[PDB]
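K.L.:
The following file, work.cif, comprises mmCIF, C-alpha atoms and all ligand atoms:
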data_protein
loop_
_atom_site.label_atom_id
_atom_site.label_comp_id
_atom_site.auth_asym_id
_atom_site.auth_seq_id
_atom_site.Cartn_x
_atom_site.Cartn_y
_atom_site.Cartn_z
CA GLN K 8 212.98 147.73 -103.85
CA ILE K 9 210.31 150.22 -104.91
CA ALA K 10 207.83 147.52 -105.92
CA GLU K 11 206.87 147.20 -102.26
CA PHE K 12 205.61 150.79 -102.21
CA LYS K 13 204.10 150.61 -105.69
CA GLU K 14 201.92 147.65 -104.70
CA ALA K 15 201.43 148.93 -101.15
CA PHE K 16 199.68 151.98 -102.59
CA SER K 17 198.10 150.29 -105.61
CA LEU K 18 196.19 147.95 -103.30
CA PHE K 19 195.35 150.92 -101.07
CA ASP K 20 193.57 153.26 -103.50
CA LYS K 21 190.92 151.31 -105.41
CA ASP K 22 189.60 154.38 -107.23
CA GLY K 23 193.03 155.00 -108.71
CA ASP K 24 192.62 158.77 -108.56
CA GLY K 25 196.08 159.46 -107.15
CA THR K 26 195.23 160.00 -103.49
CA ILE K 27 193.79 158.41 -100.35
CA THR K 28 191.06 159.82 -98.10
CA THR K 29 190.24 159.04 -94.47
CA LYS K 30 187.63 156.63 -95.83
CA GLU K 31 190.16 154.41 -97.60
CA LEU K 32 192.77 154.27 -94.84
CA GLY K 33 189.92 153.98 -92.35
CA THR K 34 188.49 150.79 -93.82
CA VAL K 35 192.00 149.55 -94.61
CA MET K 36 193.00 149.70 -90.95
CA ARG K 37 189.60 148.57 -89.67
CA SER K 38 189.71 145.59 -92.03
CA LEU K 39 192.88 144.49 -90.24
CA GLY K 40 190.95 143.48 -87.14
CA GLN K 41 191.43 146.92 -85.60
CA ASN K 42 188.97 149.55 -84.36
CA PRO K 43 190.23 152.85 -85.84
CA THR K 44 188.39 156.03 -84.87
CA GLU K 45 187.90 159.39 -86.59
CA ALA K 46 190.81 160.69 -84.52
CA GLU K 47 193.19 158.06 -85.89
CA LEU K 48 192.25 158.94 -89.47
CA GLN K 49 192.35 162.72 -89.08
CA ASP K 50 195.63 162.32 -87.18
CA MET K 51 197.38 160.23 -89.83
CA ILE K 52 196.19 162.48 -92.66
CA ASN K 53 197.23 165.68 -90.89
CA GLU K 54 200.45 163.84 -90.02
CA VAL K 55 201.14 162.98 -93.66
CA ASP K 56 199.95 166.29 -95.08
CA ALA K 57 202.55 168.83 -96.21
CA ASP K 58 199.90 171.26 -97.46
CA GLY K 59 197.04 170.63 -95.05
CA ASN K 60 194.14 169.68 -97.31
CA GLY K 61 193.13 166.49 -95.53
CA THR K 62 194.20 164.02 -98.20
CA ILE K 63 197.04 161.56 -98.80
CA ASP K 64 199.23 162.18 -101.85
CA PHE K 65 201.47 159.74 -103.72
CA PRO K 66 204.79 160.59 -102.04
CA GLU K 67 203.07 161.53 -98.78
CA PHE K 68 201.96 158.00 -97.90
CA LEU K 69 205.29 156.59 -99.08
CA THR K 70 207.13 158.89 -96.68
CA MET K 71 204.74 158.03 -93.86
CA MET K 72 205.31 154.27 -94.08
CA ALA K 73 208.93 154.89 -95.07
CA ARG K 74 209.48 155.77 -91.41
CA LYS K 75 209.48 152.02 -90.80
CA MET K 76 213.05 151.98 -92.10
CA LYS K 77 213.95 153.81 -88.89
CA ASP K 78 213.48 150.52 -87.04
CA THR K 79 216.50 148.23 -86.77
CA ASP K 80 214.54 145.65 -88.75
CA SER K 81 211.12 144.88 -90.24
CA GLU K 82 210.58 142.13 -87.67
CA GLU K 83 208.10 144.36 -85.83
CA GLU K 84 205.88 144.74 -88.89
CA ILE K 85 206.20 141.05 -89.74
CA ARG K 86 205.18 139.63 -86.36
CA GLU K 87 202.57 142.39 -86.16
CA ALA K 88 200.98 141.07 -89.35
CA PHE K 89 200.86 137.38 -88.43
CA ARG K 90 199.74 138.56 -84.99
CA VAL K 91 196.82 140.65 -86.24
CA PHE K 92 195.86 137.92 -88.70
CA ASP K 93 195.44 135.18 -86.09
CA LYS K 94 192.25 136.37 -84.38
CA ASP K 95 192.65 133.46 -81.96
CA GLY K 96 196.38 134.03 -81.62
CA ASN K 97 196.86 130.28 -81.39
CA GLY K 98 200.11 130.73 -83.27
CA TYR K 99 198.86 129.82 -86.74
CA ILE K 100 196.80 131.42 -89.51
CA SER K 101 193.90 129.48 -91.01
CA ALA K 102 192.33 129.94 -94.44
CA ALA K 103 189.37 131.60 -92.72
CA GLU K 104 191.40 134.38 -91.11
CA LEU K 105 193.51 135.05 -94.20
CA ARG K 106 190.45 134.91 -96.45
CA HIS K 107 188.54 137.41 -94.31
CA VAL K 108 191.62 139.65 -94.36
CA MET K 109 191.75 139.62 -98.16
CA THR K 110 187.99 139.92 -98.68
CA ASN K 111 187.65 142.64 -96.04
CA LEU K 112 190.20 144.87 -97.76
CA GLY K 113 188.29 144.14 -100.96
CA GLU K 114 190.92 141.99 -102.66
CA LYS K 115 189.10 139.74 -105.13
CA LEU K 116 190.42 136.23 -104.51
CA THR K 117 189.38 132.77 -105.68
CA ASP K 118 189.40 129.41 -103.90
CA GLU K 119 192.56 128.48 -105.82
CA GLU K 120 194.29 131.71 -104.82
CA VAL K 121 193.91 131.35 -101.05
CA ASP K 122 194.28 127.58 -101.35
CA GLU K 123 197.69 127.88 -103.02
CA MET K 124 198.72 130.61 -100.58
CA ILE K 125 198.19 128.39 -97.54
CA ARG K 126 199.56 125.41 -99.45
CA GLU K 127 202.81 127.32 -99.97
CA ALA K 128 202.94 129.02 -96.57
CA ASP K 129 202.18 125.68 -94.91
CA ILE K 130 204.92 123.10 -95.44
CA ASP K 131 203.27 120.51 -93.21
CA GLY K 132 200.02 121.17 -95.04
CA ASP K 133 197.97 121.32 -91.84
CA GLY K 134 195.87 124.16 -93.22
CA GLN K 135 197.58 126.54 -90.81
CA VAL K 136 200.34 129.08 -91.44
CA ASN K 137 202.93 129.36 -88.67
CA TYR K 138 205.26 132.28 -87.99
CA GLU K 139 208.40 130.19 -88.51
CA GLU K 140 207.28 129.36 -92.05
CA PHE K 141 205.48 132.69 -92.46
CA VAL K 142 208.84 134.48 -92.44
CA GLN K 143 210.16 132.02 -95.03
CA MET K 144 207.91 133.81 -97.52
CA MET K 145 210.67 136.42 -97.67
CA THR K 146 213.51 133.89 -97.86
CA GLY K 147 213.01 133.02 -101.51
CA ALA K 148 209.28 132.73 -102.19
CA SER K 149 209.81 133.67 -105.84
CA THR K 150 208.22 130.40 -106.95
CA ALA K 151 205.83 130.54 -104.00
CA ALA K 152 202.68 132.64 -103.60
CA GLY K 153 204.71 135.40 -101.97
CA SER K 154 202.61 137.78 -104.05
CA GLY K 155 199.51 137.56 -101.89
CA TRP K 156 201.48 137.53 -98.64
CA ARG K 157 203.28 140.62 -99.93
CA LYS K 158 200.16 142.64 -100.74
CA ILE K 159 198.48 141.76 -97.44
CA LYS K 160 201.72 142.33 -95.54
CA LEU K 161 202.17 145.73 -97.18
CA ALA K 162 198.62 146.79 -96.32
CA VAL K 163 198.99 145.72 -92.69
CA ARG K 164 202.51 147.16 -92.62
CA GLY K 165 201.52 150.59 -93.89
CA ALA K 166 198.15 150.67 -92.14
CA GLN K 167 200.11 151.24 -88.94
CA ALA K 168 202.58 153.99 -88.00
CA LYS K 169 205.31 151.75 -86.59
CA CA C 1 190.63 157.92 -102.79
CA CA C 2 198.01 166.03 -100.01
CA CA C 3 193.71 130.23 -86.57
CA CA C 4 202.36 124.92 -90.02
#
Please re-express this file's structure in structure tokens.
Ligand SMILES: [Ca+2]
Ligand SMILES: [Ca+2]
Ligand SMILES: [Ca+2]
Ligand SMILES: [Ca+2]
P.N.:
Amino acid sequence: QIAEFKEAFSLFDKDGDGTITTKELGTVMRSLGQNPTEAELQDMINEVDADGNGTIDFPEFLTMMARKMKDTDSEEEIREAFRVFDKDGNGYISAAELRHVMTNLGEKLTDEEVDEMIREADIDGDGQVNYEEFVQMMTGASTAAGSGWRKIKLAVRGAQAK
């Protein structure tokens, strides 16, 4: 239940200082195939700042992304992820896209890691992850590589405001 947030933040702050600056969130959102501007950063920060210092605290961020609960379901975030991942939007995610997404954020991953991820997310084993199966990662992926999909999903889920 809380693990989602714990990891969502853990993967966010790499310095592990106990806060997130415009720099972090900036690259985090920009690494998701988006083009965030200074306004977006300053906005979010000032939007998640209870004191007004220009920094993201521990509970602050949690509350910010927590707003997602407001939505009837997490479908929006889900589709949004698989949608932002597929640069071509062909309807499937290739090792390339996923890899770039992990590397961009700065998530050290090995050939085996990504390989297994796609191997688990792809039942047909066509080297492409579809949405239909992509959602299955949350339907009992305990034995699967749900880990990776979770981290990436959390980053792309929190990176946004919706
Ligand atoms: Ca920081
Ligand atoms: Ca603060
Ligand atoms: Ca593709
Ligand atoms: Ca497939």
K.L.:
Which is closer to residue 136 (chain K) than all the others in K:30, K:90, K:77, K:37, using all atoms listed in the file?
P.N.:
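With all atoms listed in the file as the atom set, the closest residue is K:90.
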K.L.:
Using all atoms listed in the file, what are the residues with an atom within 10 Å of ligand CA 1 (chain C), set out as a JSON list (two decimals) with C-alpha atoms, in the frame of the given file?
P.N.:
[["chain", "number", "residue", "atom", "x", "y", "z"],
["K", 19, "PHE", "CA", 195.35, 150.92, -101.07],
["K", 20, "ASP", "CA", 193.57, 153.26, -103.50],
["K", 21, "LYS", "CA", 190.92, 151.31, -105.41],
["K", 22, "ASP", "CA", 189.60, 154.38, -107.23],
["K", 23, "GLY", "CA", 193.03, 155.00, -108.71],
["K", 24, "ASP", "CA", 192.62, 158.77, -108.56],
["K", 25, "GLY", "CA", 196.08, 159.46, -107.15],
["K", 26, "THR", "CA", 195.23, 160.00, -103.49],
["K", 27, "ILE", "CA", 193.79, 158.41, -100.35],
["K", 28, "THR", "CA", 191.06, 159.82, -98.10],
["K", 29, "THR", "CA", 190.24, 159.04, -94.47],
["K", 30, "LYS", "CA", 187.63, 156.63, -95.83],
["K", 31, "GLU", "CA", 190.16, 154.41, -97.60],
["K", 32, "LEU", "CA", 192.77, 154.27, -94.84],
["K", 62, "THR", "CA", 194.20, 164.02, -98.20],
["K", 63, "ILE", "CA", 197.04, 161.56, -98.80],
["K", 64, "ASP", "CA", 199.23, 162.18, -101.85]]
K.L.:
Would you write out, as CSV, a table of all residues in chain K that have an atom no more than 7 Å from an atom of ligand CA 3 (chain C), listing for each the closest atom pair and the distance in Å to one decimal, considering all atoms listed in the file and ordering rows by chain and rising residue number?
P.N.:
residue,atom,partner,partner_atom,distance
K:93,CA,C:CA3,CA,5.3
K:94,CA,C:CA3,CA,6.7
K:95,CA,C:CA3,CA,5.7
K:96,CA,C:CA3,CA,6.8
K:97,CA,C:CA3,CA,6.1
K:99,CA,C:CA3,CA,5.2
K:100,CA,C:CA3,CA,4.4
K:101,CA,C:CA3,CA,4.5
K:104,CA,C:CA3,CA,6.6
K:135,CA,C:CA3,CA,6.8
K.L.:
Residues contacting ligand CA 2 (chain C) - anything with an atom at most 7 Å away, using only C-alpha atoms and all ligand atoms - can you give me those as a list in words?
P.N.:
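Listing the residues within 7 Å of ligand CA 2 (chain C) gives residues 56, 57, 58, 59, 60, 61, 62, 63, 64 and 67 of chain K.
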K.L.:
At what distance in Å, to one decimal, does CA of residue 10 (chain K) lie from CA of residue 128 (chain K)?
P.N.:
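Calculated distance between CA of residue 128 (chain K) and CA of residue 10 (chain K) is 21.3 Å.
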K.L.:
Using all atoms listed in the file, what are the residues with an atom within 7 Å of ligand CA 4 (chain C), set out as a list in words?
P.N.:
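Checking all atoms listed in the file against ligand CA 4 (chain C) at 7 Å gives residues 99, 129, 130, 131, 132, 133, 135, 136, 137 and 140 of chain K.
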K.L.:
Find the residue from K:69, K:151, K:51, K:103 that sits nearest to residue 9 (chain K); use only C-alpha atoms when measuring.
P.N.:
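Residue with the minimum atom-to-atom distance to residue 9 (chain K): K:69.
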K.L.:
To one decimal place in Å, what is the distance between CA of residue 35 (chain K) and CA of residue 12 (chain K)?
P.N.:
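The value is 15.6 Å.
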K.L.:
Find, counting all atoms listed in the file, the residue in K:146, K:155, K:71, K:17 that gets nearest to residue 116 (chain K).
P.N.:
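Result for the nearest residue to residue 116 (chain K): K:155.
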K.L.:
Using all atoms listed in the file for the distances, tell me which of K:152, K:76, K:36, K:18 is nearest to residue 88 (chain K).
P.N.:
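Distance minimum relative to residue 88 (chain K) lands on K:36.
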K.L.:
One number please: CA of residue 107 (chain K) to CA of residue 48 (chain K), in Å, one decimal.
P.N.:
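One can read the CA of residue 107 (chain K) to CA of residue 48 (chain K) distance as 22.4 Å.
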